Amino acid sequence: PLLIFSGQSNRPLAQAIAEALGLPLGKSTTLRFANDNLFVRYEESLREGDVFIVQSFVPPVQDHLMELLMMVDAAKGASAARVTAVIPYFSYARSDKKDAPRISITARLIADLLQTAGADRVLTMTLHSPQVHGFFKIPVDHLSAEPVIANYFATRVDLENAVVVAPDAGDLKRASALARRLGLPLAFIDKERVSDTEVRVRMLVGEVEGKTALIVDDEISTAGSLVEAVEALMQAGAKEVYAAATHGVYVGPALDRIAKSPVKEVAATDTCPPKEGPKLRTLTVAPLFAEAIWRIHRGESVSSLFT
């Protein structure tokens, strides 16, 4: 008995997911009382159901976290047989280090909050670091967006005379995996930035001058990393720059910084509800999440989607 519900974060994705399998979104309501307190209710019976609750960590984030936790709790209190937290974008995966003393490793905290709310498993996509998987004791199915991102580049850009680029050192793994998949060279643009030598503006590594540059990242939030990588690419010689990421968070001055940038096109998935933009394009992962949910429900191989 397969049931899908949505919070308020990304109902279009959740609707599209359910639709992909020929299922409706299950009926649930969440209210906000005058004192700003949340309330959650399922209209129909969840009893003995295999239930999947879709929520992304987009603004307002803390209302969405709590709605997810409450919906998970209520589903177990309503006698669901199994409850899966479907979290297309887990923003707190960025809070995965104790990089300053006396902070919260918030990703781990949220993993434990989810577990005590009653979640039996998680379904997610492109965690900020792969180690976040280890913050959960419950099973996590961690989906890749490489297939849709690779398809976007192979179909939209022109890969004759092209290179995939890593601006950060932490980007190298994902950019290398795309380069092998697309049959393209890899290049790097200096991460320091050379705070001593003659050439103060970014130093280059690999052939870029004539070529069309391809940037892959996990997410775009303020677009600050994106915009500075593109400017460095252009002054280093490059003809044009295309960008892709899994999570188009697009927050603060992101849209305007992208518009002002000479980047040609920026592709993101619909893990986060997409925003209006002439240069913004969205690659849907609703059929991918849907096929994962179906296989989780039926005990079919999820990893064979990516192998």
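Numbering starts at 1 and follows the sequence shown.
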Handout entry: Mean C-alpha temperature factor, higher of 19-27 and 284-292
Key = 19-27
Practice task
Going by the average Cα B-factor in the PDB entry, point out whether 66-74 or 35-43 comes out higher.
Solution key: 35-43
Fill in the blank from the handout: Comparing C-alpha B-factors across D120, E219, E209, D141 in this entry, the winner is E209
Handout entry: Deposited CA B-factor, highest of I105, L226, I149, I87
Key = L226
Exercise for the section: Tell me, lowest, middle or highest third: where does the Cα B factor of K98 rank within its chain? Expected result: middle
Exercise for the section: Divide the modelled residues of the chain into thirds by Cα B-factor and specify which third, lowest, middle or highest, holds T307. Expected result: highest
Problem - Modelled-residue ranking by C-alpha temperature factor, third containing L172 - result: highest
Problem - Lowest, middle or highest third - CA B-factor, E48 - result: middle
Practice task
Can you work out whether the C-alpha temperature factor of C272 puts it in the lowest, middle or highest third of the chain?
Solution key: middle
